[PDB]
């Protein structure tokens, strides 16, 4: 139920304990007026400080002038903050606007085409994103809906994705959640307590080349459909061999406990864990923060199921790209398809009550 502090050197919703629910929206910018966009960033930041404390935006949800629309849409009245975090990111396409071309970080790389990609252009890209995570889905929807309303005329929602349940962990002391393939997902991540690893692998440093990004991060989002029909007819041995961990405990093959260290040479050469492990990728390490989704049926008599994969890293070129390139031969490829993609530069934190989202860029 508790609030997560909004202010800091970093944005919340990265290193923060992973909340149960996601509402992710990508927006395109429709104004060419730099001042109007800056004004929106400040208004959004004011709104975020209310939302993340469990207060209504503006003058509230009722008790205003009868003849005016309420400032807050009202559907979160009476609810707790529910660990709401709101994390903003800027897409490569933003930097074609407002005279920003030379401020595009080098670490904000366009992804190459990967084998098996089938990206829907409508559900890819975006000038900016707001990741809303909370333990209560209504708290999350309310936040996105109110930001979008505030931004009417200046931004439009390009695409959105709801995540019903987490498939990631930044808290190794708590139970690791399972994805819809039935495997624990997040055992070997970066914990929010591992300050050293976060500095090394997640946060952008001044020396990395883009001063406005110091204390920020870079985000890859991949919408991945799961072929659950195909998977569910696979044997238990096939499923475990795909990953290199057992299904029940989620231990590395041959070992007894989830958190025992993998012995990679005992795994199949195309096992997912073997291919994705930092030791297989010159040390490349990622903060995974994904969620599961289901968007109805596929119209062929089956449930639609997927994973909305979210990875944070210090540089896309040294994080997600080398790892996913190594997954070219992954056994898991038989059971998944990447159907949406976007990258974002996640700026530094809102330092105090006088700061605002994007202040270091603008």
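Numbering follows the first chain given and starts at 1.
Engineer: Quick check on the record: does 305-313 or 66-74 carry the larger mean Cα temperature factor?
Structural biologist: The entry gives the higher C-alpha B-factor average to 66-74.
Engineer: Do the C-alpha atoms of 99-107 or of 268-276 have the higher average B factor in the entry?
Structural biologist: The recorded data point to 99-107.
Engineer: Specify which of 223, 113, 233, 255 carries the largest Cα B factor in the deposited PDB entry.
Structural biologist: 113 has the highest C-alpha B-factor of those listed.
Engineer: Among the candidates 261, 208, 127, 241, give the one with the maximum CA B-factor reported in the record.
Structural biologist: Across 261, 208, 127, 241, the entry lists the biggest C-alpha B-factor for 208.
Engineer: Could you place residue 44 in the lowest, middle or highest third of its chain by Cα temperature factor, using the values in the record?
Structural biologist: Middle third, going by the recorded CA B-factors of the chain.
Engineer: Sorting the chain's CA B-factors, does residue 51 end up in the lowest, middle or highest third?
Structural biologist: Tercile = lowest for this residue's CA B-factor.
Engineer: By its CA B factor, does residue 153 count among the lowest, middle or highest third of the modelled residues in the chain?
Structural biologist: For residue 153, the deposited C-alpha B-factor lands in the highest third.
Engineer: Taking the C-alpha B-factors as the PDB entry records them, is residue 294 in the lowest, middle or highest third of its chain?
Structural biologist: It belongs to the lowest third of the chain when residues are ordered by C-alpha B-factor.
Engineer: Please place residue 246 in the lowest, middle or highest third of its chain according to the CA B-factor in the PDB entry.
Structural biologist: For residue 246, the deposited C-alpha B-factor lands in the lowest third.
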